[PDB]
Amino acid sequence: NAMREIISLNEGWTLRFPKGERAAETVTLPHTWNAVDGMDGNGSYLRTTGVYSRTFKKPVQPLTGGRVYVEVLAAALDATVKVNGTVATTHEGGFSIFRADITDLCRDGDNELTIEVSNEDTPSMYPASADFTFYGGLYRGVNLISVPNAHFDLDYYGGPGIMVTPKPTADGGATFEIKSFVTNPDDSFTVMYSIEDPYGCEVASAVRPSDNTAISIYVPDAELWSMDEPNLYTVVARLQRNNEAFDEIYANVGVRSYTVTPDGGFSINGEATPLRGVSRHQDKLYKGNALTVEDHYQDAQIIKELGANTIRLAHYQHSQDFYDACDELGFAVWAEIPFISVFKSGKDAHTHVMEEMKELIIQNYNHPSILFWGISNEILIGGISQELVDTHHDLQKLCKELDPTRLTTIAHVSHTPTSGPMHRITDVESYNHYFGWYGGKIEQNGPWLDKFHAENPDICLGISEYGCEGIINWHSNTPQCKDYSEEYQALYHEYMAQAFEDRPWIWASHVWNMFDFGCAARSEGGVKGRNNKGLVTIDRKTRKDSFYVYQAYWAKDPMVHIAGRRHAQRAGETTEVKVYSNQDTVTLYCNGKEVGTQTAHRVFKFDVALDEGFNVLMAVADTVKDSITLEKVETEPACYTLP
């Protein structure tokens, strides 16, 4: 990128543990020391200080005055960077980029880079109390940046050096208000802005002095961004002297406007579009949170095939890779900070939360997929206080100071009083409800929504979490709460899918959660270490039957799915064979004999007298078919039921 050089420093590390809990080991980044114990259900996970260290050569610039920066893409939870013995920087918060100018700590030839990382609790730390593992370490990798003396800003909250506000115009075009930030500007430097259309062709440009960089650029005939058509432009910014580019940065951006109203729900680009989707944690089976770029895009593609149009990226800042995948595949994204569960008093905990929100907005400001900033999750679990409420006003004020182009949101714990000072702080609001799993009946969800909506017709209500555990080796002919069966989780989501389709004024609903994820503290349903409320398993391999409920309710590609394939052995004179489809007519066959034809909306239930022995079940929708094999048995195996 012009004279800017980015060198990956992911290889060649030794991880030591000063308190001796593990022998030294050589590792490659991305890395966490909790990749296994953070989700194997041993009972705990190692929280402590791990020291990473490696050697690097000092990068060299052709021209005098070069500068060297180390870029950590995340250090969970607390970090100190040393070059050749001397502290270069410290950082708190384990989900955001931070950088350090290590120019003057560098010598020619080999240098030593030392990063102390701690995932231990501290008086100012968030997260501290949550239902998910705090994987320690350098789980996103580390970069070396070489730039000339004049270069776009690398020092401001790990930001990109450029902010872009695209807006549609009445005449069918778009304005891109752009500002970039130059370290050591000077009258001999300009900033040349160029905008490239989705196909790579330049469509607009403008030029500014390097010390006065704000400009608004107009693109005619703009291709708007939406979840269905995520059209992207590329803003390129070049720091120029004479006929030479010194620095170059760029940003993918999208043009969209959007509204949420209490009676109307969500609209984007003037079209009513109810947000129906999922939440997603950042871990994977025995990798901890140390995911590759392929991991992130694979998650995104699975969620796209589901037919979701929104993703709540709880409970922290995610990878640039996953925001990139959202911009490109088209999802409405809710991004949030880990201000979770239990308010911690003090100036330092207040400073942590504000800094983390400042980094979340500045590092992710250019992503068109991000529509909502979330300021807390379930913060009343630890009890309300005046101090806690003031922090939420401070955070609301910061989001509108930093970014008035986006809506603020909040996720309430289930028992949050439906009046009180926690409402009307943010532009929109959501509740985390588990009626039918942690308490109550499934049939309570609908009336709860209707009642709150009627009593608060000025609040935009969404559901930021709802869900139910499903452990796919348990299977019940009489599925009920706390049997943990795949069938009961499907019944829960059968109701909710239809509940949210009945209520477009719910601006967004988010299944908790897309995937099973790791929580060291969990033990229930015969499994340790896990939240198993996923529509898909933690290794991304197995779609539960709940997944196909949503696929039939959301996806447009024709599909037909026979539920209960893992209920392989069925006892009884008849058994219910359930089919999900986005077609409206399903014919079921059993060993070639027609069982029946039904016309229904999404869910189809057939009573089937299985033949003795093995049975081919074939469901014929319109252009799609499905087929599974079931076995009639006298008594179903002991292993289909929790001990």
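Note that residue numbering follows the sequence shown and begins at 1.
*Asks:* If you take the mean CA temperature factor per stretch, which one wins between 73-81 and 315-323?
*Replies:* In the deposited entry, the stretch with the higher C-alpha B-factor mean is 73-81.
*Asks:* If you average the CA temperature factors over each stretch, which comes out higher, 107-115 or 155-163?
*Replies:* So the stretch with the higher mean C-alpha B-factor is 107-115.
*Asks:* Out of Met496, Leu306, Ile381, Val236, whose C-alpha atom has the biggest B factor in the entry?
*Replies:* That would be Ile381.
*Asks:* Which has the highest CA B-factor per the PDB entry: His567, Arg543, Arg280, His510?
*Replies:* The record points to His567.
*Asks:* For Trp33, does the deposited CA B-factor place it in the lowest, middle or highest third of the chain?
*Replies:* For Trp33, the deposited C-alpha B-factor lands in the middle third.
*Asks:* Ranking the modelled residues of this chain by C-alpha B-factor as given in the entry, is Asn456 in the lowest, middle or highest third?
*Replies:* CA B-factor rank for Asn456: highest third.
*Asks:* If you rank the chain by CA B-factor, which third does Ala619 end up in: lowest, middle or highest?
*Replies:* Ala619: CA B-factor falls in the lowest third of its chain.
*Asks:* What third of the chain does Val577 rank in for C-alpha temperature factor, lowest, middle or highest?
*Replies:* Highest third.
*Asks:* Based on the entry's values, in what third of the chain does the Cα temperature factor of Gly526 lie: lowest, middle or highest?
*Replies:* Lowest third, going by the recorded CA B-factors of the chain.
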